[PDB]
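Note that the protein sequences, when read in sequence, are chains B and A.
Quick note: the first sequence, position 12, residue 803 per the authors' numbering, numbers continuous.
Quick note: the second sequence, position 2, residue 595 per the authors' numbering, numbers continuous.
Down below is the structure, laid out as structure tokens.
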Amino acid sequence: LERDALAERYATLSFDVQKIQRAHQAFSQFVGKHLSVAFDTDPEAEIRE
Amino acid sequence: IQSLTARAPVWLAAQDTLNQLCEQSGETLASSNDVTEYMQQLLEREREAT
């Protein structure tokens, strides 16, 4: 009965760690494919002008 | 010509520091997407090291 709780809690913690790791992977993928034009000014506006 | 000239020293400084940064790195850079690819590789290695 005691060890059941530890298994459950460990499951949640491992899930959380995996979530963080994948979030870092996503940001790395992003910057690999993205910075060339990141945060630049909106072209729709200027074309309209 | 004036626009190209105003952009000339900016371009030259870009190339200069690009060469310096390229030499500071083991891998040699050749294109913008290549630069960003190297950057994400650098982040990956940093994460593993920490």
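Beta carbons are placed, not taken as given, at the ideal position from N, Cα and C, and that holds for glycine.
Check                                                                               : Outcome
Listed by chain order, chain B residues near residue 580/A by CB distance under 8 Å : No answer is possible for residue 580/A: it lies beyond the span of chain A, which begins at 594 and ends at 643.
Continuous alpha helix (DSSP H) stretch holding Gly823/B: start and end             : 793 to 825
Residue-chain proximity (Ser805/B, chain A), Cβ-Cβ < 8 Å                            : no
Short Cβ contact (8 Å threshold) for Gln820/B with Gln634/A                         : no
Backbone CA spacing between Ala798/B and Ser625/A [nearest angstrom]                : 48 Å
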